[PDB]
């Protein structure tokens, strides 16, 4: 289905009509993240078409991917920005995002970062009692009123939605609906510092069934009804992020952005609410491969290993979450290459350094290209310099099949800078 990375019957992987092998030969022989700029455009356009007729902000979650060129591109197409730190807000402003389409969320927002948010006029979510006290303090410091959204855990039916219900009892995020009156009384006490403009929920990540959005929005509209009846002017419902994509490339049918917005469309329109959505994964994940070269193939007797140049330093998701990302070769394998089971592992000093397990692949020769698919979200953004494996360069392919560098490779000199003069 319609993936921007396609294996044609010639046995070559393509991005936007360009062979990945040709792209690999044109850049340095080290691991790198490869994006389709058009697939970024297609992902954004699917949300824009889904929200047509609804007053809305598409809040791209920068925590997914903080490439400045990708952010400037999304901004150029009418995107807002969702931030979880002051530095993310500085990068959004540098990328040219409108502060009236920026939302600063978080369970531990620093007073420093809240002063920046108040100064720049962005939307700020309220996560806790200490959080609201810091936002009032940031208002007093900046001398600006802050536009706030209360982050509420919707009391979803635990027999229908056990994982979300339990998540609300165990998680560090959000306000229990039982404490709502405390927050409203506090807002009413600080009219100069606080303007309550809406309510916020965020329901999880990799959501593959949209019934949770339907059921949560019904509960969020009843909270907004109650808030409006107490005389607060509420104009936004932020339903958060979390729409999933297909990681398995096995034909699974996932809900679209249209399906997601169709669950809240009529209630939002009936209440004259602006809808904020906060997608990260569903905007950037499926636009990107982590591109590798095969170091070599080995066996310990039971398991076979394809050893690559890339590692848990660049891409930790499989190790950290036991997550599946799809793996395939870039080029036709030798005639006579045996298809069998491989763990795909990096050169890093521990057994947690794997990119995938139990994958049926043609035995690749040394130097063959290999990709980890759907590597656009929470991959580069979570990269380390473990084993002094310096962070990779990034490229993208444009509509004409031309290749542009969108991030410099990190160098060893960038490690040494930290000790300069010490």
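Residue numbers count along the first chain shown, from 1.
S.K.: Which wins on mean Cα temperature factor, 299 to 307 or 342 to 350?
M.R.: Per the PDB entry, the higher value belongs to 299 to 307.
S.K.: When the Cα temperature factors in the entry are averaged, is it 59 to 67 or 354 to 362 that ends up higher?
M.R.: It is 354 to 362.
S.K.: Among 384, 381, 26, 41, which residue carries the highest C-alpha B-factor recorded in the PDB entry?
M.R.: Among 384, 381, 26, 41, the PDB entry lists the largest C-alpha B-factor for 26.
S.K.: Out of 110, 170, 282, 128, which shows the largest CA B-factor listed in the entry?
M.R.: Of the options given, 170 has the highest CA B-factor in the PDB entry.
S.K.: Among all modelled residues of this chain, ranked by Cα B factor, put residue 314 in the bottom, middle or top third, i.e. lowest, middle or highest.
M.R.: Lowest third, going by the recorded CA B-factors of the chain.
S.K.: Divide the modelled residues of the chain into thirds by Cα B-factor and specify which third, lowest, middle or highest, holds residue 247.
M.R.: Middle third.
S.K.: Split the chain's modelled residues into thirds by Cα B-factor; is residue 85 in the lowest, middle or highest one?
M.R.: Answer is lowest: the recorded C-alpha B-factor places it there.
S.K.: Comparing against every modelled residue in the chain, figure out the third that the C-alpha B-factor of residue 286 lands in (lowest, middle or highest).
M.R.: Lowest third, going by the recorded CA B-factors of the chain.
S.K.: Using the B-factors in the PDB entry, rank residue 208's C-alpha atom against the chain and give the third, lowest, middle or highest.
M.R.: Its C-alpha B-factor, which the entry lists for residue 208, ranks in the highest third among residues of this chain.
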